[PDB]
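In what follows, a single structure is set out as structure tokens and then discussed.
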Amino acid sequence: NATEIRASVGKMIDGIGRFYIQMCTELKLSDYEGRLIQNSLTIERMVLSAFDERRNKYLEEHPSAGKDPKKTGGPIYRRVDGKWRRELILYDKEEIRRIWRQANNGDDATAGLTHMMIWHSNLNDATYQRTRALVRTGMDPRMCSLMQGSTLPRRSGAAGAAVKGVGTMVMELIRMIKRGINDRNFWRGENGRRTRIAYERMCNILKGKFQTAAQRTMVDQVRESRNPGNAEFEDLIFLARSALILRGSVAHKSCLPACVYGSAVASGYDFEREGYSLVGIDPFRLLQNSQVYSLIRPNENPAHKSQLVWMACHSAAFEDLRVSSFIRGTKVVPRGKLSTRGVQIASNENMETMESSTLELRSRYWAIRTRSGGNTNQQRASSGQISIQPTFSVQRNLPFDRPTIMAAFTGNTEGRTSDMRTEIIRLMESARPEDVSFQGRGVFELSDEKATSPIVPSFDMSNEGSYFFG
Amino acid sequence: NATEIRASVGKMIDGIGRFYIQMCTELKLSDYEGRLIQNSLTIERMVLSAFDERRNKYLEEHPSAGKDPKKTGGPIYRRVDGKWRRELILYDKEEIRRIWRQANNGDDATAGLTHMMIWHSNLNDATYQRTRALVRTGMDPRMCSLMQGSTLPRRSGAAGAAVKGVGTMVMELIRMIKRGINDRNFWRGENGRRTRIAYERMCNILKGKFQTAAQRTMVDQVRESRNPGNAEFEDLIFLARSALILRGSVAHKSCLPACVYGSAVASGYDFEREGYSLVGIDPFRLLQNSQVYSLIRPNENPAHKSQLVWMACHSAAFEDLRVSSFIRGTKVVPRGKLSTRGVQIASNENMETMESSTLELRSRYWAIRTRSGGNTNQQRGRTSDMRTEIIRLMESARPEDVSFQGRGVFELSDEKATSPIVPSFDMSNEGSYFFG
Amino acid sequence: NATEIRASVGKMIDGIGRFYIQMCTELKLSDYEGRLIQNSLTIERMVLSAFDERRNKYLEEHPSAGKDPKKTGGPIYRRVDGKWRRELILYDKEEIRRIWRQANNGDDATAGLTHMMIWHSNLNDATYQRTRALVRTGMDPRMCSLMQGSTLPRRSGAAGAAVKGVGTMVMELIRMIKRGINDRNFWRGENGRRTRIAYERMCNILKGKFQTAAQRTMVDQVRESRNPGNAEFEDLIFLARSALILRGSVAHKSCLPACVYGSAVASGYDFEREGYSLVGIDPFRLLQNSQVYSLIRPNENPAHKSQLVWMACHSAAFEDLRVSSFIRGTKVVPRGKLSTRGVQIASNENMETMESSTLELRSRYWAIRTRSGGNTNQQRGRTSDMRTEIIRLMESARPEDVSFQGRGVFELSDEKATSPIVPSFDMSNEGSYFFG
Amino acid sequence: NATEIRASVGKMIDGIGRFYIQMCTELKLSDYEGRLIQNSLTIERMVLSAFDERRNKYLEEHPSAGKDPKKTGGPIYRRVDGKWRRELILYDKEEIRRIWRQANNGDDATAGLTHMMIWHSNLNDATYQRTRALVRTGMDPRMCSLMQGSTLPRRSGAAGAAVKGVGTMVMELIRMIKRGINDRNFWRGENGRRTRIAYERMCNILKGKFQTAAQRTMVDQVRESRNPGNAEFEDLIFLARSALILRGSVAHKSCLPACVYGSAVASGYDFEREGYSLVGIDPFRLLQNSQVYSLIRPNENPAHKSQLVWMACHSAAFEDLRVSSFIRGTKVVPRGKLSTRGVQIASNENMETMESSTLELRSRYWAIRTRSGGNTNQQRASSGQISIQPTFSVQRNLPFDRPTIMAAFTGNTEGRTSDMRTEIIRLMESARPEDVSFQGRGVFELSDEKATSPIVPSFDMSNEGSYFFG
RNA sequence: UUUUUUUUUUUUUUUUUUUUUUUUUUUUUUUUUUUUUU
RNA sequence: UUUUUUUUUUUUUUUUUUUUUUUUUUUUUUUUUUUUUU
């Protein structure tokens with residue numbers, strides 16, 4: 001059944017919106033100031049810093065960074081008669097802990113935490129990607145497309161684990177492998193057992209993320225190595241560059257600004273009654289009647305800022321630019337010529353230059369965002385009969401495809417990497433930049449609610465560039 | 001004696017044909033509409049839904065799917081002056097239960113049920129095979145050839161059990177093994193005892209299906225595991241890939257469209273008097289003078305549709321294409337380039353595009369279809385030790401060994417199996433593989 | 001080096017004796033009342049009930065048994081002018097926890113806990129053995145000799161694990177096996193993982209306890225069963241009846257009454273300076289000048305009570321009676337004709353009949369008690385194949401093979417193990433069997 | 001816990017007593033006629049004939065015995081001004097079925113059925129025992145003492161199965177064995193499977209009933225025979241004559257007349273509140289203030305009739321006469337010189353001779369009736385150590401009891417009967433007619449309620465005869 | 001030179017027993033009565 | 001001469017995918033900034 005999931009997510013987002021309402025009440029902010037992305041961003045880093053129970057425990061025993069008992073940051077932006085001023089207001093965690101507890105009807109609301117931290121990961125992926133760490137581990141900077149959910153820490157649950165990219169897991173596992181290579185950390189102690197456990201948990205997350213059997217089997221065999229040394233490093237680099245084309249089925253969770261939920265809840269649009277969804281039309285129509293204000297530099301233009309905000313909201317920064325333009329209806333400028341900077345404001349930037357203005361989020365169309373893969377990346381081995389059965393009793397040969405019959409019969413010793421790299425190469429050669437994917441699905445219009453009739457898009461606009469970076 | 005079996009099957013098919021006659025009388029259909037495969041198909045799903053006593057009991061306690069007290073589906077296709085229209089006419093089970101009871105002279109006619117459900121399994125195997133479930137259990141999609149009788153549920157008897165393929169049994173047993181692995185279901189309760197019983201019944205069906213002693217012995221030893229866990233999974237996968245070449249002696253029951261029997265019975269050809277057979281010339285000669293109409297899409301061609309219908313009728317979709325072409329006399333196109341779709345029509349397809357036309361079922365020759373294996377097999381502690389002999393037998397096996405010595409393809413004019421003609425194909429590598 | 005171990009055990013027993021001194025100070029008992037075994041026994045059950053942190057946690061969530069917040073029992077026996085009276089004085093755990101903490105110089109003193117709980121196990125084995133549980137698991141009552149350390153719970157450490165008998169481990173493992181057979185308890189959850197872990201810990205304790213390679217290998221192979229069912233039950237019963245003769249190298253820890261340590265510490269005999277040992281002459285010479293008073297029934301005789309107390313102190317209740325008589329110098333009466341009862345007094349017994357008197361602990365000789373096996377062993381796919389060598393070794397075994405070559409019984413006057421005297425018994429069949 | 005069992009049995013007997021009250025209301029009987037055993041006896045055969053669902057199904061397809069649609073018997077005895085008259089009033093089952101259903105608050109009350117049918121078995125065992133069938137199977141008439149619960153049919157549950165004697169099970173199993181010998185009835189059909197199942201159910205009931213390991217093991221090995229022929233017949237006869245001395249732990253359920261419960265319930269003594277027990281003081285004190293009237297022949301004396309009724313009530317007809325006399329306080333006459341007949345009245349006996357009078361049920365003492373065995377029938381094998389452990393390191397022999405060491409080491413082939421008959425004979429020879437049993441337990445006085453202090457009985461009255469038959 | 005882990009109710013009236021356990025149906029029997037007779 | 005058993009929610013939009021899944025903590029990092037520098 002799907003009604004229960006819809007009711008649960010509706011209750012969750014209703015609690016989130018009511019917490020936004022109460023923060024607006026408590027902060028004594030104006031109507032316009034309640035529609036600012038920066039305030040929600042700072043408040044949500046406060047949120048994560050209050051539920052980072054592991055870091056809370058680590059910092060209680062580590063009283064450093066000067067005045068840091070329980071309070072961090074808090075750069076609240078406020079308006080005086082047109083001008084803007086930032087105040088470093090410090091909030092302790094504990095009162096906000098109870099205000100959450102009262103906001104979700106006595107519950108912890110950790111799922112909502114996962115969605116906000118994923119949405120921060122989405123905005124981070126949209127704004128800046130780290131080739132710095134990608135080459136710190138030595139991997140080439142060609143794979144920036146697989147840094148989805150990179151900023152997400154381990155503390156997130158299965159829902160958070162679903163949206164993390166393959167490359168994010170590759171980076172996380174290489175970190176552990178390098179740490180275990182630097183020092184003899186895999187001893188029979190509890191630390192070794194726990195890092196072992198986290199390792200197989202991350203690995204079965206990985207093998208769940210993939211779709212074709214060959215990569216699942218080679219991930220299974222990578223596990224066989226009880227002592228991760230150097231060979232597994234290139235083994236999993238080969239895994240990553242195979243997933244470049246044999247991409248994993250990674251979900252795309254549609255989270256929206258802290259305000260958008262608050263404005264919707266304040267108007268009385270209860271999500272429990274009519275139901276809510278995270279993949280369907282829902283986050284699209286809530287943005288159809290949502291007003292958002294944002295802060296812009298004197299050199300920054302708002303036109304690219306709105307598009308980057310739409311990137312962050314719908315996590316479409318790693319998608320084809322042409323498709324995003326089609327749903328937008330307007331051309332989406334790649335990051336090469338974006339005359340804008342990061343959404344977050346540096347702590348040293350002055351305030352006389354800063355100017356607030358609206359953001360455009362309206363899109364002409366809407367589409368479903370499933371956690372599936374392309375329908376043109378399944379070119380491996382073969383598909384058909386191997387044996388025959390005699391139906392008529394006729395004196396005839398029984399055709400047997402012998403060379404594949406030996407291939408099926410082996411020993412299953414669960415040990416090999418290059419031998420499967422051979423099928424990786426074969427499949428890559430079979431792959432083409434022409435194979436059309438997602439057959440049977442299309443882009444839909446806003447006026448339709450039950451997915452009745454789509455329109456098939458068709459682009460012949462040469463080589464405008466389907467590459468957000470470079 | 002064989003006369004009694006012939007008389008029994010003749011009486012059964014006579015009752016089936018008379019039931020077809022009475023449904024034609026009751027439905028007020030025209031002569032052409034009585035020769036449509038779709039009507040018989042829908043009526044026979046009604047048939048199975050009326051004798052699915054287990055599902056009847058399960059659905060009486062489960063009133064769901066909206067308006068479903070006793071009536072399901074019923075998309076009857078009718079002609080108005082050339083055009084076609086579907087009506088969703090709902091029939092309850094019980095009256096058709098009594099009409100059967102009167103159609104078989106007071107008997108239940110469960111054997112006929114088995115043959116119709118097998119014929120549905122034959123058409124399903126001809127049209128679509130499920131690698132979906134084959135990889136849901138994780139088995140590779142290379143073994144689509146052993147999905148014979150896959151759609152057949154357990155309710156069929158020994159006659160139904162004979163025609164189910166080895167791979168069908170492998171899938172059914174792996175389903176039970178995975179269910180017993182997910183939860184501790186093998187307790188000393190009645191459910192565990194009954195699933196145990198069904199397990200040995202399916203297993204001695206399996207060991208009866210095989211021919212060589214090694215696989216029979218390893219199936220015997222697979223039984224010795226009182227707690228089916230993970231090792232038996234690969235054990236029986238090895239059994240399956242051994243049966244790929246060491247094939248089991250599975251029968252091929254020759255059932256024909258619901259109409260073909262009805263037209264034959266209506267003309268007065270009593271099968272009890274002259275006798276009837278399910279393996280011999282009989283279903284061949286009844287199709288020699290049978291007229292069949294079918295529904296075809298505006299893009300579908302009837303030429304491949306007739307060949308696919310012959311596949312479904314004679315269950316030759318898993319055989320060599322060359323042999324089927326020889327009996328046909330015309331080339332049989334493999335499924336790779338069939339510009340056609342499934343025989344059954346989707347519930348949402350429009351009717352202005354649909355067009356009805358004849359089907360060709362005439363074949364130049366006829367052959368016996370025994371439940372034997374290739375002559376190549378006659379020419380030739382745990383499970384792994386026997387896997388060793390499996391491997392050496394596989395190595396001894398060759399793609400050259402000719403089978404079925406002493407038997408041949410026959411002509412239509414002969415009735416007593418007097419003199420055959422030996423076929424000989426040297427036409428390179430046209431492709432003896434229906435899939436791929 | 002052995003000096004560090006001697007210093008550690010000396011410090012431990014010094015702390016124990018000082019705790020005895022302080023309890024004597026706090027309880028306001030007389031000099032005679034401080035030499036009573038019953039008071040020390042009750043105080044030491046208080047000790048175990050205060051460090052049973054597992055049971056403390058289990059009872060804090062389970063407030064039952066009426067008035068049981070933190071206090072249990074406490075039947076202190078006191079003298080009025082010759083007569084005796086018991087008072088049910090209740091002591092809470094926590095203050096005694098801190099008094100221990102101050103008694104061991106800020107340390108927990110868990111090792112001392114292990115030795116006191118082992119000494120309770122020694123007295124329990126000396127007094128009463130449970131064929132009740134031995135036949136509750138169905139094992140025959142012939143193996144009462146392998147119930148050493150049976151009362152010891154799991155909470156003890158490696159030192160406690162060393163002295164537990166083979167049969168005690170057999171009983172503990174069969175309990176877990178029967179619990180896992182009754183319900184599907186071996187799931188992938190944390191409980192299954194932890195019981196698994198405890199299982200291999202108890203099993204490598206077992207295989208460490210044995211000496212011959214065959215039984216170690218069969219214990220190794222018993223481990224290979226991931227699902228302990230019924231076959232392992234008889235497998236480990238065969239292991240036990242093989243250990244009947246192929247006995248395991250189990251230690252014998254020489255703990256002494258709560259008072260004996262207190263009297264020695266009170267007199268100023270510091271054990272840290274001169275060193276202390278648990279296997280050598282030490283516990284023998286401390287009893288050479290120790291006075292002990294005990295409570296005796298009007299029908300009980302003190303002569304057998306002193307011998308039973310010596311059994312409990314030196315854990316010689318499972319040894320040959322002849323040898324114990326030789327070290328005693330007087331005949332040791334077997335349990336068949338002991339006109340005495342258990343040392344502990346029932347909660348309902350009256351006090352007018354109870355009479356206090358001295359106990360004799362002096363022994364003419366002393367001997368080393370190593371954790372080795374008889375020299376007879378040095379003279380000599382599944383479980384059944386190794387059971388074959390078990391049977392042939394049993395047949396090779398004889399009731400004549402003399403053991404412990406090169407070692408002998410020593411005199412008290414010698415301190416450095418200079419010259420022993422070889423004993424020799426030809427006194428027919430007096431009976432080398434404490435039970436029966 | 002024992003409170004729940006007490007509450008359940010109290011509710012059950014309260015329902016039984018209320019059904020007795022309603023039958024007294026419906027039958028229009030007088031106060032004296034409601035204290036007659038015969039009326040309750042006939043009504044309770046009506047009870048069993050109404051819940052004998054198996055026989056109901058068998059007789060619906062078998063309309064014989066003349067007028068027998070739903071009604072059987074019903075010889076109700078009534079008083080006219082001192083004289084007595086029997087009326088053959090026929091009651092159908094179904095209305096009494098619903099009256100039960102309303103009497104137990106909507107429940108079937110099958111447990112109460114088991115207790116009434118056991119109490120009928122108790123009275124039958126007290127009155128008449130069948131050496132007729134005992135020699136029909138050919139077994140000697142010396143074992144009449146093991147016919148406890150003989151009349152009980154299979155339909156009773158575990159509670160009914162507990163009180164059936166060892167000899168009753170022997171007779172029931174020999175019946176099945178002779179039936180399977182007469183015809184090839186053990187085929188692979190459903191009938192063979194079901195009789196097989198009933199066979200192991202009766203056999204594990206048997207092995208649960210015994211106490212010593214040898215007989216349990218030989219019962220286990222008797223099971224090994226898949227085809228019960230002739231050898232098992234003498235095998236289980238040997239089992240029976242071994243159980244003659246190695247008696248099985250068979251319970252003694254204390255059921256009382258149909259009226260006694262009704263009179264107690266009518267007076268308002270609710271058993272749910274104060275609790276009820278079936279083994280303790282309870283059935284004793286209810287008889288301390290119970291009045292019972294009974295029918296007696298002109299030649300029968302009431303003095304022996306009261307004692308026989310006490311036999312039937314407390315199922316002490318198979319016990320020592322001396323002990324029963326001690327609890328009675330008066331001498332109990334053995335069946336050899338009882339100038340009385342069966343309690344039930346023959347259908348042809350005239351009514352002018354029949355006379356009604358009181359029955360004495362008062363007993364001077366009370367005792368617990370546990371389902372245990374004698375503490376002097378445990379003389380088998382030996383008890384003591386077999387091995388020794390070296391405590392001191394002394395150069396000495398290790399005494400091993402070798403001939404028993406071989407005895408323990410065998411093969412466990414689960415096949416033998418005479419070899420264990422050898423230990424049967426050895427144990428029988430070790431057994432003595434002097435061994436005192438039931439140590440630590442004694443006879444109690446009525447005034448005590450919590451089992452405080454007993455008095456030890458002691459009989460030196462020569463050989464009065466501890467044998468009810470003969 | 002070898003070591004403090006916790007998972008839903010037990011035990012000191014005492015020394016080898018005693019203890020939260022259950023409605024299945026297959027071809028003709030039985031209340032003249034208590035150990036024979038069919 | 002070889003045979004009608006029933007156990008808690010599936011399937012005809014279509015031909016080889018798509019679907020009721022979850023808060024763990026171990027010795028010093030990061031919002032001056034967007035792909036280097038430590």
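In the structure tokens, each chain is lettered A, B, ... as it comes, each chain's residues begin at 1, and ligands are numbered from 1 in order of appearance.
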Subject >> Shell of 10 Å around residue 154 (chain D), only C-alpha atoms (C1' of nucleotides), local chain residues under 5 positions omitted, as a PyMOL selection string >> reply: (chain D and resi 160-161+172+198+202) or (chain E and resi 24)
Subject >> alpha helix (DSSP H) positions in region 240-381 of chain D, given as a PyMOL selection string >> reply: chain D and resi 240-243+258-266+271-274+282-288+302-314+321-328
**OP:** Any chance you could list, as a list in words, the residues in region 6-108 of chain D that come up strand (DSSP E or B) when DSSP is run on the backbone?
**Re:**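 Assigned to strand (DSSP E or B), within region 6-108 of chain D: residues 36, 75, 76, 77, 78, 79, 80, 83, 84, 85, 86, 87 and 88 of chain D.
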Can you spit out the residues from that selection as a short mmCIF file (atom, residue, chain, number, x, y, z; two decimals), in the first residue's frame, using N, CA, C and O atoms?
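The result, written out as part.cif:
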```
data_model
loop_
_atom_site.label_atom_id
_atom_site.label_comp_id
_atom_site.auth_asym_id
_atom_site.auth_seq_id
_atom_site.Cartn_x
_atom_site.Cartn_y
_atom_site.Cartn_z
N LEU D 36 -30.50 -37.36 44.66
CA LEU D 36 -30.41 -38.77 44.31
C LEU D 36 -29.30 -38.99 43.29
O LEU D 36 -29.20 -38.25 42.30
N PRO D 75 -34.26 -43.05 32.47
CA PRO D 75 -35.09 -43.62 33.56
C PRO D 75 -35.13 -42.76 34.82
O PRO D 75 -34.41 -42.97 35.80
N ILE D 76 -36.00 -41.75 34.79
CA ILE D 76 -36.09 -40.80 35.89
C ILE D 76 -36.88 -41.43 37.04
O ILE D 76 -37.98 -41.95 36.83
N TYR D 77 -36.32 -41.38 38.24
CA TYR D 77 -36.94 -41.95 39.43
C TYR D 77 -37.62 -40.85 40.23
O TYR D 77 -37.02 -39.79 40.47
N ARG D 78 -38.86 -41.09 40.64
CA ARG D 78 -39.68 -40.09 41.33
C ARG D 78 -40.39 -40.70 42.54
O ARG D 78 -40.64 -41.90 42.57
N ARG D 79 -40.70 -39.84 43.51
CA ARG D 79 -41.36 -40.27 44.74
C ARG D 79 -42.85 -39.92 44.73
O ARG D 79 -43.22 -38.77 44.46
N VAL D 80 -43.69 -40.91 45.02
CA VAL D 80 -45.07 -40.65 45.44
C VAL D 80 -45.28 -41.10 46.88
O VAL D 80 -45.43 -42.30 47.15
N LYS D 83 -43.34 -44.06 48.15
CA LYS D 83 -43.02 -45.08 47.16
C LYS D 83 -42.26 -44.47 45.98
O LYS D 83 -42.18 -43.25 45.86
N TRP D 84 -41.74 -45.32 45.09
CA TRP D 84 -40.86 -44.89 44.01
C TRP D 84 -41.40 -45.41 42.69
O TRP D 84 -41.91 -46.53 42.60
N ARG D 85 -41.21 -44.59 41.64
CA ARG D 85 -41.68 -44.98 40.28
C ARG D 85 -40.69 -44.45 39.23
O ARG D 85 -40.23 -43.30 39.38
N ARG D 86 -40.37 -45.26 38.21
CA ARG D 86 -39.46 -44.86 37.15
C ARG D 86 -40.26 -44.53 35.90
O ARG D 86 -41.16 -45.29 35.52
N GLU D 87 -39.92 -43.41 35.27
CA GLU D 87 -40.51 -43.02 34.00
C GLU D 87 -39.42 -42.94 32.95
O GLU D 87 -38.35 -42.36 33.18
N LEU D 88 -39.69 -43.54 31.80
CA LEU D 88 -38.76 -43.54 30.67
C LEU D 88 -39.03 -42.27 29.87
O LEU D 88 -39.69 -42.29 28.83
#
```
Subject >> Exercise: residue 395 (chain B) partners within 10 Å, only C-alpha atoms (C1' of nucleotides), chain neighbours under 3 positions left out, as a list in words >> reply: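 Using only C-alpha atoms (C1' of nucleotides), the neighbours found are residues 402, 405 and 406 of chain A; 389, 390, 391, 392 and 398 of chain B.
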Subject >> Neighbour list for residue 253 (chain C) as a ChimeraX atom specification, cut-off 7 Å, only C-alpha atoms (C1' of nucleotides), skip fewer than 2 positions in-chain >> reply: /C:163,251,255,278
I need the chosen residues saved as a PDB file, in the first residue's frame, with C-alpha atoms.
```pdb
ATOM      1  CA  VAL C 163      38.700 -25.029  37.561  1.00  0.00           C
ATOM      2  CA  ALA C 251      43.129 -27.156  37.930  1.00  0.00           C
ATOM      3  CA  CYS C 255      40.887 -21.610  48.701  1.00  0.00           C
ATOM      4  CA  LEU C 278      48.041 -21.132  45.761  1.00  0.00           C
TER       5      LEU C 278
END
```
Original post:
Could you pull the residues within 10 Å of region 15-23 of chain E, counting only C-alpha atoms (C1' of nucleotides), minus those fewer than 4 positions along the same chain, as an NGL selection string?
Top reply: (:C and (127-132 or 141 or 340-342)) or (:D and (1-2 or 4-5 or 51-53 or 108-111 or 113-114 or 155-159 or 211 or 370-373 or 375 or 383-384))
Subject >> Interatomic distance, CA of residue 291 (chain D) to CA of residue 29 (chain D) (Å, one decimal) >> reply: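 A separation of 16.4 Å between them.
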**OP:** For residue 360 (chain C), work out the shell of residues within 10 Å, counting only C-alpha atoms (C1' of nucleotides) and skipping chain neighbours fewer than 3 positions away, then give it as a PyMOL selection string.
**Re:** chain C and resi 287-288+290-293+302-307+309-310+363
Original post:
Could you pull the residues within 12 Å of residue 12 (chain F), counting only C-alpha atoms (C1' of nucleotides), minus those fewer than 5 positions along the same chain, as a list in words?
Top reply: residues 41, 42, 45, 72, 73, 74, 75, 342, 343, 344, 345, 346, 347, 348 and 349 of chain B
Original post:
What does the distance from CA of residue 308 (chain D) to CA of residue 434 (chain D) come to in Å, to one decimal?
Top reply: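 Distance reported for this atom pair: 28.5 Å.
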Original post:
Within 7 Å of chain B, which residues of chain A show up when using only C-alpha atoms, listed as number ranges by chain?
Top reply: A: 383-400
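Remark: for chain C, the closest of the candidate residues B:152, B:181, B:159, B:36 is B:181 (distances computed over only C-alpha atoms).
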Original post:
Which distance in Å separates CA of residue 237 (chain D) and CA of residue 167 (chain D), to one decimal?
Top reply: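 These two atoms are separated by 9.5 Å.
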Could I get the residues of chain F with an atom no further than 10 Å from an atom of chain B, each paired with its nearest atom pair and that distance in Å to one decimal, using only C-alpha atoms (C1' of nucleotides), sorted by chain and residue number, as a tab-separated table?
```
residue	atom	partner	partner_atom	distance
F:1	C1'	B:1	CA	7.6
F:2	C1'	B:158	CA	8.6
F:3	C1'	B:158	CA	6.2
F:4	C1'	B:110	CA	6.2
F:5	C1'	B:155	CA	7.9
F:6	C1'	B:54	CA	5.3
F:7	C1'	B:191	CA	8.0
F:9	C1'	B:62	CA	9.8
F:12	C1'	B:346	CA	6.3
F:13	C1'	B:348	CA	6.0
F:14	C1'	B:346	CA	7.8
F:15	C1'	B:128	CA	7.2
F:16	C1'	B:131	CA	6.0
F:17	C1'	B:132	CA	7.0
```
